[PDB]
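A.B. asks: Residue numbers (the deposited numbering), protein chains in the order written: chain A, 1249 to 1664; chain B, 1665 to 2081; chain C, 209 to 832.
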Amino acid sequence: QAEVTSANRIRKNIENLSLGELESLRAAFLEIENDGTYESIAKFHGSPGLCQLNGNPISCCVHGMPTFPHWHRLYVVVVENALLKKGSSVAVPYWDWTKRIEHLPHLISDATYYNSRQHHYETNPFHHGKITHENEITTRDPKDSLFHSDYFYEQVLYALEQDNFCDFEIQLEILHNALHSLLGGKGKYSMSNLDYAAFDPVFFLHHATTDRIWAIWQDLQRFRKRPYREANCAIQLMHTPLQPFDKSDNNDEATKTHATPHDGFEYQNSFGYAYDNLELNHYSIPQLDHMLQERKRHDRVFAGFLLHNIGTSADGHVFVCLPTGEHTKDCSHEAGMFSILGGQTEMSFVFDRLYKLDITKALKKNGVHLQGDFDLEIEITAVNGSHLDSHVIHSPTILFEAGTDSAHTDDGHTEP
Amino acid sequence: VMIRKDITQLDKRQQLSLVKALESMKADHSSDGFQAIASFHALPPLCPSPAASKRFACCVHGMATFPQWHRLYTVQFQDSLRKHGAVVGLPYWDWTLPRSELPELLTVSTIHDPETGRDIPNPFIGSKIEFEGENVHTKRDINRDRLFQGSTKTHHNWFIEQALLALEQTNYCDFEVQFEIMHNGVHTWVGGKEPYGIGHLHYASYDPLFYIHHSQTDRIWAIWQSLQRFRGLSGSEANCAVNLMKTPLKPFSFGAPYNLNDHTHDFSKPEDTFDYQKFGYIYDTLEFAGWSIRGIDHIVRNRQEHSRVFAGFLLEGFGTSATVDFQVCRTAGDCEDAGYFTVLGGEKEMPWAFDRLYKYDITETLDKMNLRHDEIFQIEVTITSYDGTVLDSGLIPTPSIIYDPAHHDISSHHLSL
Amino acid sequence: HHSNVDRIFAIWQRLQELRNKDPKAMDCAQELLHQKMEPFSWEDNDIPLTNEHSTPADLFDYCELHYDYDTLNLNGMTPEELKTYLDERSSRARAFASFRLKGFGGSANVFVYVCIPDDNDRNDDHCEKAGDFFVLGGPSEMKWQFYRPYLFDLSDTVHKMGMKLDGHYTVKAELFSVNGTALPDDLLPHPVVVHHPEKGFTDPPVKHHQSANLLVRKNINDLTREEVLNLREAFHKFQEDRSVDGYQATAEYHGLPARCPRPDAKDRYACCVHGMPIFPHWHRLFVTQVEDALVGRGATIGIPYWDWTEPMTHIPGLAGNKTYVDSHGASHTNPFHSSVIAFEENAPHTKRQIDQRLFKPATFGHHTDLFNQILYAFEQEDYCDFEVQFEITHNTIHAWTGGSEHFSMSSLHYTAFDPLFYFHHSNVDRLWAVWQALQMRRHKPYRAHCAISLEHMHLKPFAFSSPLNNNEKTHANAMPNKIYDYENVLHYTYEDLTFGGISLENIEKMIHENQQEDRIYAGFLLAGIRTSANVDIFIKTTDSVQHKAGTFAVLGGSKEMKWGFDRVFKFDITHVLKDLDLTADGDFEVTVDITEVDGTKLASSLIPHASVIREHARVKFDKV
Ligand code: CUO
Ligand code: CUO
Ligand code: CUO
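#1: If contact means a Cβ-Cβ distance below 9 Å, which residues of the region 386-405 of chain C contact chain B?
#2: Using a beta-carbon distance below 8 Å, is C:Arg-300 in contact with chain A?
#3: Taking buried to mean at least 16 other C-beta atoms within 10 Å of its own C-beta, is C:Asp-637 buried or exposed?
#4: In chain order, which continuous runs of the alpha helix (DSSP H) of length 4 or greater are located wholly inside the region 675-731 of chain C?
#5: Closer than 7 Å: is that where the CB of C:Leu-763 sits relative to any heavy atom of ligand 3?
#6: Is the distance from the Cβ of B:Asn-1907 to the Cβ of A:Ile-1646 below 8 Å?
#7: Between C:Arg-826 and the rest of its own chain, which residues show a CB-CB distance below 8 Å, the 5 nearest in sequence each way excluded?
#8: If you reduce the DSSP assignment to three classes, tell me which class C:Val-762 lands in.
#9: Starting from A:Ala-1426 and walking both ways along the beta strand (DSSP E), at which residues does that stretch end?
#10: Just checking B:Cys-1723 against ligand 2 - is the residue's beta carbon closer than 7 Å to any of the ligand's heavy atoms?
#11: Counting Cβ pairs, one atom from each stretch, are 3 or more of them under 8 Å apart for the region 479-497 of chain C and the region 583-596 of chain C?
#12: Short check: CB of A:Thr-1657 to CB of B:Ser-1900, under 8 Å?
#13: Which same chain residues, not among the five before or five after C:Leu-423, have their C-beta less than 6 Å away from its C-beta?
#14: Entirely within the region 1848-1912 of chain B and at least 4 residues each: give me those alpha helix (DSSP H) ranges in chain order.
#15: Is the beta carbon of A:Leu-1420 within less than 7 Å of some heavy atom of ligand 1?
#16: For my contact list, C:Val-322 and C:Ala-303 are in at a C-beta cut-off of 8 Å; report their separation, rounded to the angstrom.
#17: Quick check: the region 762-772 of chain C against the region 600-620 of chain C, are at least 3 beta-carbon pairs closer than 8 Å?
#18: Please report the residue range of the beta strand (DSSP E) in which residue 834 of chain C lies.
#19: Looking only at its chain, what residues have a beta carbon closer than 7 Å to the beta carbon of B:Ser-2049, apart from the 5 residues adjacent to it on each side?
#20: Counting only Cβ pairs nearer than 7 Å, list the residues of chain C close to B:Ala-1715.
#21: Following the continuous alpha helix (DSSP H) through B:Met-2033, name the residue where it begins and the one where it ends.
#22: With a floor of 4 residues, list each alpha helix (DSSP H) that falls wholly inside the region 1741-1773 of chain B, ordered by position along the chain.
#23: Tell me whether the beta-carbon of C:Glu-587 lies closer than 8 Å to the beta-carbon of C:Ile-728.
#24: In the region 1281-1317 of chain A, which residue ranges form an unbroken alpha helix (DSSP H) of at least 4 residues, counting only runs that do not cross its ends?
#25: So is A:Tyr-1369 buried or exposed if we call it buried at 16+ other beta carbons inside 10 Å?
#26: To which residues does DSSP link A:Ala-1551 through a beta bridge?
#27: Checking contacts by CB at 8 Å: is C:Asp-726 closer than that to chain A?
#28: Relative to ligand 3, is the shortest distance from any of its heavy atoms to the C-beta of A:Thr-1387 smaller than 7 Å?
#29: Only counting the same chain, and skipping five residues up and downstream in sequence, which positions put a Cβ closer than 7 Å to that of residue 1624 of chain B?
#30: Assign B:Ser-1879 to buried or exposed, taking buried as 16 or more other Cβ atoms, counted over all protein chains shown, within 10 Å of its Cβ.
#31: Given C:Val-548, which residues of its chain have a CB within under 6 Å of its CB, disregarding the five upstream and five downstream residues?
#32: Buried or exposed: where does C:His-489 fall if 16 or more other Cβ atoms within 10 Å of its Cβ makes it buried?
#33: Since A:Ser-1587 sits in a beta bridge, which residues does DSSP pair it with?
#34: Excluding sequence positions up to five away, which residues of its chain have a Cβ less than 8 Å from the Cβ of C:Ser-539?
#35: Grab the span of the alpha helix (DSSP H) containing A:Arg-1470 for me, first residue to last.
#36: Hey, is C:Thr-623 close to ligand 3, as in C-beta under 7 Å from one of its heavy atoms?
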């Protein structure tokens, strides 16, 4: 589907950027920070809550909704347009998180930018920003600089596998949150917080990649020959206008037209921004498709989580404990973990469907079969580190998924 | 091979046995006895323990395990009747067909079996709720006789439409949600307004109709298994809800003194439950409204061929049983009765919520409406209790509207036109 | 049934006779014994015999009842046989579990299981049943709770399990009602396992050897100006230290803010252990932490101890002096004098009100109230018995010093802030050490018989590695068991281990002397419920003449975790009663006045009626 590729602008990986390209970016962001748009643009994501200009405020970003990728997609273009106004030569770059990174990107990391052409010493606008309303500086605390793993890939890959958009979104959103918690860490004002996260400049880069992945899914969809720009799920939501994009606060005309999420699908020509390459982990789209199939080959067992994400962001860890010790491994304690981004401001949201995580590898390792009786233990911790009552949260279910070839029964007789 | 047949088919002798057996069962002082058996399903609640402060009702309702639990429940009664000298397996009342007259076996108050020549009340007609003080006959107010108001074509019935859809799903879980809801309708229809009846979770096990209904429902479940075999999926094997299947179901798991029955006890794991043969009982026929199993599979594919629109309901879990009616209203404000479904429940009920959506086919209504998927229309729902009191909206989530275009019409012209 | 039990009871009397103890005599429960037993005493009943018999004292003589038992034997064992058999039992050391019995509600059955805390995997389910006991009780029964714990012999099960006494396990108990209603286990306290202590030349596994004495703790009075000067400077520097090792942070450990459960816990509770046998261990560790700080401060000497026991004319002045003009340098405030509460942002009333003049005249030199109380504690052979008495005496200083001021020593939360806190605890720690030394004279080692389970648990926040504790040493001896040998692990010493100038040997002989003297005690069950309070008790006669029996105080705060003494606290009634010339048996009302630190009156309902126990005289024992 042609709709995905752009003619007008190119979005490239941050590493790819030439010194010249970065230089425009450094300047543009710095100027945007100076300009009115930067602070106000940040507001759209979270605090201050713009959604109800008057009346009780709520965070604007749609989260926990299928509308979610559309909203953020619009958000990135908003900043991109701002950058262009700034005089940015290129589109916002994307920090491919999935790719394991030896170190954090130089562009973001640099505290100061020499910018030799004009002798000046300034902080890197990419490095951080300040939160005007709540007087503070954004902070980052990657607890885990560790991230070098298939884990991102698995999560995203799993998301890629789903044909259904809505099924896709739930998985997609979850992987999305990982960057936020991982970068923000403990820091109250950071990526880790729903309200604060918009402030950090990394936000733009991260969303750019997430948006790119969404685009990737889109192109894959056409490979499947499913309609690229068609969602037959959450129809009601799609038509809804996406604030604040709808309002006059948003100068950007394109976004306003774009407010309905339905229109959002075709980034190409709508947005007029393209990606240098649409591949995941250097896998061609047809390559991904083949890769997906292989995964399908084995039977899989998953744990499903009903996310009624409420409250501040929190991390959850879970593993399936087995009733016996002896020969059999004790609680592995590492089924996998997922995080949820949230804040008090956020509007309540509940996932329509379960969030599936693939337990299979761990279960096999422990040597349990699907049939084997096992319990799932979950621990939910706030970013704060306060324990959250698990009792309220519904227990996760265990699903077994197989391909067309299913097993025949021992007891009973299927064929007549 | 104990055989379960249509209640109508049953012989006078067959009937004779059931009437006597149940009546004797009623008398049975034993824990195996009827009054005791009834308590399994609902009040008095046995679940946490027979003697526990807080007790919950034994309903693995709203769960995948649900058909298995009820399947064991029926056999528990069946085995009991056999102890009584029941000649055959519990018969099934096929609601699917429209029925002008309610089944005579259950309906008649008095039974004058010719052999004895004596007249006694039909134990099948009702029972008394001993523990509940109400020493009343388990009352059924089938206020809605309307059940017999089937369609004119007569094949297509609400039950049939609902059931057929359930049959369509390959996934056991998906199948069960549709399957279970269809199950609920009979409970409400018979129980009606009456406080002690089929309508209430607590009381329903007391009425004898319960067994007949579940027998039919179990029959349809068996039908699904046979279809799955045709599909090639193993009938016994369940892919879904593996965790629940392993767990044993009480009170069946609680053997004596509460559960004399050995078979159910061993069988308490639902995994074991699928092969009904393990409980040696069979059904005279496995078919749905005259369609062969092969015919059913072929027909279902055809159903897909046309576009369909559905509304999905997430069932959060109600309080007491209630029935819901929903209608689609146009922007203009016209509104048409979309359709209805009901949920059985009581206070005692353990909490439960469905993992997935419950689809209902809106298509016919919308088509008349000449409304498209795109069209902006609102769906309004009203929930009413058994009493008829209106229940508030607000807690209730809105339904989604899904569009099912014809997808994979798997075909070649091999069917006769 | 009762005939048999009565028979068994008689048997016990018979065995006592074998003991050559007066079977009839019942020293304990004097209060109840005199009480007549209704309805028999009510005399609604026809039989006058019972009416006279109503006093339980009369009850012992079965013969008065004039009913006999054909034989008094238990399970075919002669009474001689029983006595000999029991002797053998005492031969072996055993492990027991102590259970408090609330004994409330209808009859209930309880089960206890010792499970092995180990559980690597798969929703572990492995455990064994220790044993059980039953209780009888109707819905309308007088509330009763066992004063004493009920021991059970775990040793059999432990061995059976294969778990040696030395093994890490936990125990849990379940209660089932006759009705079958489950009863909340949470209310019930955790039972403690006790192992038979071995008391001989070296109880702990470490080798205490003749100490070098690098850090010494001296009393404040001995401290010279130079010594005080370094201390003043060190404290000043210390309070300045913003670091976690810093003073403010150290203060938090004791009380508010309550870090203890975790820095992030739903229920934050005061970390300090009070009302527990663990209590001296935690405090001892606490003092070291400050002390380790002082050395960093550069303090020449360890924390000094303010021997409260000695009578004091007035405040030491080191603490008291508001401003310290060393004059060597420039005048400043005395860091000893006060501290500030950063979180509350209030100021501690370091200049606490000393409502009570501690300065007390002695019967003879050393004899003092605190001495008496403290000495009493020392007398007890049992660590746990000692702790109760010891802790209470400890409490008095806080109440006296703090006085009415909310922010002060008087408050559990606040107390840490006051610098006196360190001084007092140093002394208290000294007494604890003295007790151990005395035990040593007794040839009672460090090995503790009581609170085995408690000792194993590590004491936070000292345990917290990741949360704020700079000091590794404290972390090392988180466990209270390690705590006992202060010298080896802590490597701190005291200039002298004497109490009142009494040599350790001298004190031991001294204790014997008190033993010879007749003494009736009033026992108070102290489940210290709320904010700190002071309690004064006086005995009222029929004459309604009342004399003040004496006083004791308890420290507490809302934050404090709930605690209750297993055993009663004893005070010596004897002198007053003698003066009254009232007999122990005589009917005298006991009135208790509980005054809150606030000074608001507190209802007597808080305290249950104290029992009176009379201790008859024994012969003078051993002397060096
Ligand atoms: O989600 Cu709103 O931030 Cu990535
Ligand atoms: O299901 Cu529980 O009753 Cu028909
Ligand atoms: O005991 Cu904790 O305080 Cu002196």
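Even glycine gets a Cβ: it sits at the ideal position worked out from N, Cα and C.
C.D. replies: From the atom records:
#1: Hits within the stretch, in order: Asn-387, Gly-388, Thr-389, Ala-390.
#2: No, its Cβ sits nowhere closer than 8 Å to a Cβ of chain A.
#3: C:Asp-637 sits buried, since 16 or more C-beta atoms from the chains shown fall within 10 Å of its C-beta.
#4: Runs of the alpha helix (DSSP H) inside the region 675-731 of chain C: 680-684, 688-691, 694-698, 712-724.
#5: C:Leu-763: yes, Cβ under 7 Å from ligand 3.
#6: Result yes, Cβ atoms of B:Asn-1907 and A:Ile-1646 sit closer than 8 Å.
#7: If you ignore the 5 residues before and after C:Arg-826, its C-beta comes within less than 8 Å of the C-beta of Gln-723, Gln-724, all in its own chain and listed in chain order.
#8: C:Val-762 carries a strand assignment under DSSP once its states are collapsed to helix, strand and coil.
#9: Going by DSSP, A:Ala-1426 is part of no beta strand (DSSP E) but of the alpha helix (DSSP H) stretching over 1413-1432.
#10: Yes, Cβ of B:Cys-1723 sits closer than 7 Å to a heavy atom of ligand 2.
#11: Touching, yes, given that three or more Cβ pairs across the two stretches are closer than 8 Å.
#12: For A:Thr-1657 and B:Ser-1900, yes; Cβs fall inside 8 Å.
#13: So the qualifying residues of the chain are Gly-510, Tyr-700.
#14: Entirely contained in the region 1848-1912 of chain B, the alpha helix (DSSP H) runs reaching 4 residues are, in chain order, 1865-1868, 1873-1895, 1906-1910.
#15: Outside the cutoff, so no.
#16: Between the beta-carbon of C:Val-322 and that of C:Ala-303 there is about 10 Å, and that puts the pair past the 8 Å contact cut.
#17: Of all C-beta pairs linking the region 600-620 of chain C to the region 762-772 of chain C, three or more are shorter than 8 Å, placing the two stretches in contact.
#18: Nothing about residue 834 of chain C can be reported from this structure: the residues present for chain C run from 209 to 832 only.
#19: Shown here for B:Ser-2049: same chain residues with a beta carbon closer than 7 Å to its own, the five before and five after excluded, namely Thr-1984, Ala-1986, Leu-2055 in chain order.
#20: The answer, in chain order, is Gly-388.
#21: Counting along the chain, B:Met-2033 sits inside the alpha helix (DSSP H) bounded by residues 2027-2033.
#22: Unbroken alpha helix (DSSP H) stretches of 4 residues or longer found wholly inside the region 1741-1773 of chain B: 1768-1771, given in chain order.
#23: Their beta carbons are not under 8 Å apart, which means C:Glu-587 does not touch C:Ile-728 by this criterion.
#24: Taking only runs of at least 4 residues, the alpha helix (DSSP H) segments lying wholly in the region 1281-1317 of chain A are 1284-1293.
#25: So A:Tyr-1369 ends up on the exposed side.
#26: Note: A:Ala-1551 sits in a beta bridge opposite A:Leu-1605, A:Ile-1646.
#27: False, the Cβ-Cβ gap to chain A never drops below 8 Å.
#28: Distances between the C-beta of A:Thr-1387 and the heavy atoms of ligand 3 are all 7 Å or more.
#29: Given that chain B is displayed from residue 1665 to residue 2081, the structure contains no residue 1624 of chain B and the question cannot be resolved.
#30: That one is buried.
#31: Here the set comprises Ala-555.
#32: C:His-489 should be labelled buried.
#33: For A:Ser-1587, which the question treats as bridged, DSSP gives the partners A:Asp-1563.
#34: Sequence-distant partners of C:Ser-539 (beyond 5 residues in either direction) whose C-beta falls short of 8 Å from its own C-beta, in its chain, are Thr-531, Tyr-532, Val-533.
#35: Per DSSP, the unbroken alpha helix (DSSP H) holding A:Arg-1470 starts and ends at 1450-1472.
#36: Yes.
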